[PDB]
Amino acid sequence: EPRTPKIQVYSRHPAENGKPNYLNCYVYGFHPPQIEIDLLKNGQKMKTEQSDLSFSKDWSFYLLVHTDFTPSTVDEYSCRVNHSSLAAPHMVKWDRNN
């Protein structure tokens, strides 16, 4: 009876190449709380910070994983989530429009 995580990957401000910014991976609606959330730069784990575990009215958990970053034309970013509800890692690409 696990609940699957939902994931948004987004910059704090609209992305401009060479301009400093913040990369977010927001993951919510999941149960139980144990979870692995990585922000990846061109497939490699970035150094990140993770919010303190909290939960919503429906008892589902939410976490923010974030770091400062400077987007470029040559770099692709994603968020990798592993959870007991999933057989494989859920991969979500950062798309500057989301």
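Residue indices: 1-based, along the sequence shown.
Original post:
Per the entry, where is the mean C-alpha temperature factor higher: 4-12 or 87-95?
Top reply: Between 4-12 and 87-95, it is 87-95.
Original post:
If you average the CA temperature factors over each stretch, which comes out higher, 21-29 or 70-78?
Top reply: Looking at the record's C-alpha B-factors, the answer is 70-78.
**OP:** State the tercile, meaning the lowest, middle or highest third, of residue 41 with respect to the CA B-factors recorded for its chain.
**Re:** Within its chain, residue 41 is a lowest-third residue by C-alpha B-factor, going by the deposited values.
Original post:
By its CA B factor, does residue 54 count among the lowest, middle or highest third of the modelled residues in the chain?
Top reply: Middle third - that is where residue 54 ends up once the chain's C-alpha B-factors are sorted.
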